[PDB]
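A short write-up of the structure that comes next.
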Amino acid sequence: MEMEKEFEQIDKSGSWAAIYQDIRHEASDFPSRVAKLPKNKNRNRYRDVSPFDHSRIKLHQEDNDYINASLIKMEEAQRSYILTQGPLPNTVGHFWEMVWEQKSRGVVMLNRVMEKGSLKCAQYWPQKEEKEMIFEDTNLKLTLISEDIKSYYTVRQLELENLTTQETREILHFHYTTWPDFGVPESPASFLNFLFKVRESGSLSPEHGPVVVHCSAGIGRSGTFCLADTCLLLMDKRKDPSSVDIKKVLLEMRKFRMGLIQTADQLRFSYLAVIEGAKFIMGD
């Protein structure tokens, strides 16, 4: 069924909360035993959001390999993503270790450091060129190279240096700064504009490691981003674009991280973004 007609059907019958609960009921349940070990309690921002064991990213260190992060590998679309929580004061060094070890080119941040008067993640990148950051636990240095502030998002060029070997890499930081404190955006236009800027940079392409995407818990706004990207790519690849089933794609992604898309409003917004984004992938 054309999602656009599916959309109006659900909208006129006001059944979004019902569709969404059906997804929650059918979603995969896999063990997350490593996340729950006592030694890792201060590595998790939220007690009820954990990576599954089978898909978790392992840090390359004998001490403790745990980070709250998951590899979402989409086989038909030929795209991979790493979804992670916003880094905590004691996990910022682990976060940049993962970026280095997984050979990522881009980091996508979908939250502000403070929202609703509370801290939603650590200030984990430098704000001034001349004030670089050193992460002593993982032996990495991080420098701000340039900053381009736009109305709906900011793009930063960063230099990550492995102090052990003195190799350096350019990392691109894509910061969507205008998601509202409550609810979802009224129009998907600025979100789609942002997605296409990430695509244009190379950060999603198979020559690099997977993009790292986060919000506060790494499941809500973050799920919306990868769900929309993968659905649009499938519509590009297939002979029959109306065969793309957004609910089935979401359940496939939930095999790799729990709780992706956190509200029925985020589900509706994901439909809106794919429907409106389609009106480019087909030529215009």
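Ordered as shown in the structure tokens, chains take letters A, B, and onward, while each chain numbers its residues from 1 and ligands are numbered from 1 in the order shown.
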Could you tell me, as a PyMOL selection string, which residues of range 60-103 of chain A DSSP assigns to alpha helix (DSSP H) when given the backbone? chain A and resi 92-101
Using only C-alpha atoms, find each residue in range 94-204 of chain A having at least one atom no more than 12 Å away from range 268-281 of chain A; report its shortest atom-to-atom pair and that distance in Å (one decimal), rows by chain then rising number, as CSV.
residue,atom,partner,partner_atom,distance
A:183,CA,A:269,CA,9.9
A:184,CA,A:269,CA,7.0
A:185,CA,A:269,CA,7.8
A:186,CA,A:269,CA,8.5
A:187,CA,A:272,CA,8.2
A:188,CA,A:273,CA,5.2
A:189,CA,A:273,CA,7.7
A:190,CA,A:273,CA,9.9
A:191,CA,A:273,CA,7.9
A:192,CA,A:277,CA,6.9
A:193,CA,A:277,CA,9.5
A:194,CA,A:273,CA,11.7
A:195,CA,A:277,CA,10.1
A:196,CA,A:277,CA,9.8
Pull N, CA and C atoms from the residues just selected and write them as a short mmCIF file (atom, residue, chain, number, x, y, z; two decimals), in the first residue's frame.
data_model
loop_
_atom_site.label_atom_id
_atom_site.label_comp_id
_atom_site.auth_asym_id
_atom_site.auth_seq_id
_atom_site.Cartn_x
_atom_site.Cartn_y
_atom_site.Cartn_z
N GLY A 183 7.40 17.38 21.76
CA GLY A 183 6.81 17.05 20.47
C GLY A 183 7.84 16.84 19.36
N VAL A 184 7.39 17.08 18.12
CA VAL A 184 8.20 16.89 16.91
C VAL A 184 8.04 18.15 16.05
N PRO A 185 8.87 18.36 15.02
CA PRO A 185 8.71 19.58 14.20
C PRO A 185 7.43 19.56 13.36
N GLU A 186 6.89 20.76 13.13
CA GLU A 186 5.63 20.86 12.40
C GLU A 186 5.79 20.46 10.94
N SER A 187 6.90 20.86 10.32
CA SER A 187 7.24 20.48 8.95
C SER A 187 8.53 19.67 8.93
N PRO A 188 8.63 18.67 8.05
CA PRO A 188 9.88 17.91 7.93
C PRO A 188 10.92 18.56 7.06
N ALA A 189 10.66 19.76 6.54
CA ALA A 189 11.55 20.37 5.56
C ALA A 189 12.94 20.61 6.12
N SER A 190 13.06 21.20 7.32
CA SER A 190 14.41 21.46 7.81
C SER A 190 15.13 20.17 8.19
N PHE A 191 14.40 19.15 8.66
CA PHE A 191 15.01 17.85 8.98
C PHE A 191 15.54 17.18 7.72
N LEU A 192 14.75 17.19 6.65
CA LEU A 192 15.23 16.65 5.36
C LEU A 192 16.41 17.45 4.81
N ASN A 193 16.33 18.77 4.83
CA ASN A 193 17.50 19.57 4.43
C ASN A 193 18.75 19.11 5.18
N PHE A 194 18.64 18.88 6.50
CA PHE A 194 19.77 18.43 7.31
C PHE A 194 20.27 17.04 6.88
N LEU A 195 19.35 16.09 6.69
CA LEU A 195 19.73 14.75 6.23
C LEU A 195 20.53 14.80 4.93
N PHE A 196 20.06 15.60 3.97
CA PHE A 196 20.78 15.71 2.69
C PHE A 196 22.16 16.35 2.86
#
Could you tell me, as a tab-separated table (two decimals) with N, CA and C atoms, in the first residue's frame, which residues of range 106-144 of chain A DSSP assigns to strand (DSSP E) when given the backbone?
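Result file is selection31.tsv:
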chain	number	residue	atom	x	y	z
A	106	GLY	N	31.66	10.82	10.28
A	106	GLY	CA	30.71	11.81	10.74
A	106	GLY	C	30.11	11.40	12.07
A	107	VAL	N	29.75	12.42	12.86
A	107	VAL	CA	28.92	12.31	14.09
A	107	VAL	C	27.70	13.19	13.88
A	108	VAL	N	26.50	12.64	14.09
A	108	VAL	CA	25.23	13.35	13.94
A	108	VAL	C	24.63	13.48	15.35
A	109	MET	N	24.44	14.72	15.84
A	109	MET	CA	23.87	15.05	17.14
A	109	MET	C	22.54	15.73	16.96
A	114	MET	N	21.68	21.23	26.88
A	114	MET	CA	20.60	21.44	27.86
A	114	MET	C	19.26	21.52	27.16
A	115	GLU	N	18.28	20.73	27.63
A	115	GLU	CA	16.89	20.82	27.18
A	115	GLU	C	16.00	20.70	28.40
A	118	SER	N	17.55	20.74	31.97
A	118	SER	CA	18.37	19.69	32.53
A	118	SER	C	19.42	19.28	31.50
A	119	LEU	N	20.51	18.69	31.97
A	119	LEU	CA	21.59	18.32	31.05
A	119	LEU	C	21.22	17.01	30.35
A	133	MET	N	40.84	19.67	23.57
A	133	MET	CA	40.52	18.72	24.63
A	133	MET	C	41.44	17.51	24.56
A	134	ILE	N	41.90	17.05	25.72
A	134	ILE	CA	42.68	15.82	25.80
A	134	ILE	C	41.93	14.84	26.70
A	135	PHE	N	41.78	13.61	26.21
A	135	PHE	CA	41.06	12.53	26.90
A	135	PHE	C	42.15	11.59	27.39
A	140	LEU	N	43.62	10.37	23.40
A	140	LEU	CA	43.17	11.06	22.20
A	140	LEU	C	43.14	12.57	22.43
A	141	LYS	N	43.44	13.32	21.36
A	141	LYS	CA	43.33	14.77	21.35
A	141	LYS	C	42.31	15.22	20.31
A	142	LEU	N	41.50	16.22	20.67
A	142	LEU	CA	40.40	16.68	19.83
A	142	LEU	C	40.46	18.20	19.71
A	143	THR	N	40.55	18.70	18.47
A	143	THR	CA	40.66	20.14	18.19
A	143	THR	C	39.55	20.62	17.26
A	144	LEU	N	38.95	21.75	17.60
A	144	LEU	CA	38.01	22.42	16.71
A	144	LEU	C	38.78	23.12	15.58
When you look at range 38-55 of chain A with a cut-off of 10 Å (counting only C-alpha atoms), what residues show up, excluding the ones that are within fewer than 3 positions of it in the same chain? I need them as a PyMOL selection string. chain A and resi 29-35+58+64-73+82-91+94+120-121+216-219+255-259
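Checking A:158, A:122, A:246, A:212 one by one against residue 1 in chain A, counting only C-alpha atoms, you find the shortest gap at A:246.
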Would you list the contacts of range 7-16 of chain A as a ChimeraX atom specification, taking every protein, DNA or RNA residue within 9 Å and counting only C-alpha atoms, but skipping same-chain residues closer than 3 positions in sequence? /A:2-4,19-21,264-265,267-268,271-272
